[PDB]
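Coming up is one lone chain in structure tokens, specifically the form deposited in one PDB entry.
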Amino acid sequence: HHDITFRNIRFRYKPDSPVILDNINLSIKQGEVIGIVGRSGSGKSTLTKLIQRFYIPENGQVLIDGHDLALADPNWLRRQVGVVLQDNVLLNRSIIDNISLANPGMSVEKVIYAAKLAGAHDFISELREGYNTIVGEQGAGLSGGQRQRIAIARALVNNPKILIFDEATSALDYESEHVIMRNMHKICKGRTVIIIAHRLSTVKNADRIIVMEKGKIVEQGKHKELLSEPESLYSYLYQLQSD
């Protein structure tokens, strides 16, 4: 079963604007963990915007869990997709409010479960005010890596069938990265996962990597297979990021 399908997708942001995605064809199986890589502005984030129907393509179809998004319930779609946002933790609000910022009338139990998957529960639990701690500066002083785990918990809380990781915009402390990587298999378990990767190393072990260049998928496959294509863009990007 394919959880996400793009067929012949063409997209530009505005009527006059340049084509950003051109004839994208992609089929992602349920439970697959996919990495998306490529230079800045290749169209990686735009692809995920279309999955959420934030924009509508001028040609082609996006199908989510078999449903053409043209016809699909927008509320259902909102519930099927969880996005791990960058720099989106509200400082003026509690940790629990930040995690449940979609279904406010939801379980403390559901919040805790998501924070445990995210590897946040342990550090939250050792806070004077626990989950009621206000995130903000002089109000808690949570690190960027702590805030990122809260962001993961927020994405997981409603148990989405599809999980998307937006491209990393900063660097995380060793402890935060370590905890997340140790927990990735639990976070991704039972879900279709798309990771937009800043460093190719992040997604070395994804089921498949998709390589974008100038709005096109140019290459796709497992890491070892992409490195086997003699003049691949993947190999060049791999070389560039190497020590």
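One-based numbering along the sequence shown. Each form is matched to the other, and the largest set of C-alpha atoms that superpose within 1.5 Å is called the rigid core.
One more form of this protein, deposited in another entry, exists but is not displayed; see below.
K.L.:
So which one of 112, 140, 72, 172 actually moves, Cα shift of 2 Å or more between the shown form and the other one once the core is superposed?
P.N.:
After core superposition, the single residue displaced by 2 Å or more is 172.
K.L.:
For residue 228, decide whether the Cα shift between the shown form and the other one is 2 Å or greater, given a superposition on the rigid core.
P.N.:
Shift of 2 Å or more: yes.
K.L.:
Aligned on the rigid core, do the two forms place the Cα of residue 89 2 Å or more apart, comparing between the shown form and the other one?
P.N.:
Residue 89 C-alpha, core-superposed: shift of 2 Å or more.
K.L.:
Since the Cα separation of residue 116 and residue 173 moves by 3 Å or more in the other form, tell me which way: closer or farther than here.
P.N.:
Farther: residue 116 and residue 173 separate by 3 Å or more in the other form.
K.L.:
Between residue 175 and residue 111, does the Cα distance in the other form come out closer or farther than in this form, changing by 3 Å or more?
P.N.:
Farther: residue 175 and residue 111 separate by 3 Å or more in the other form.
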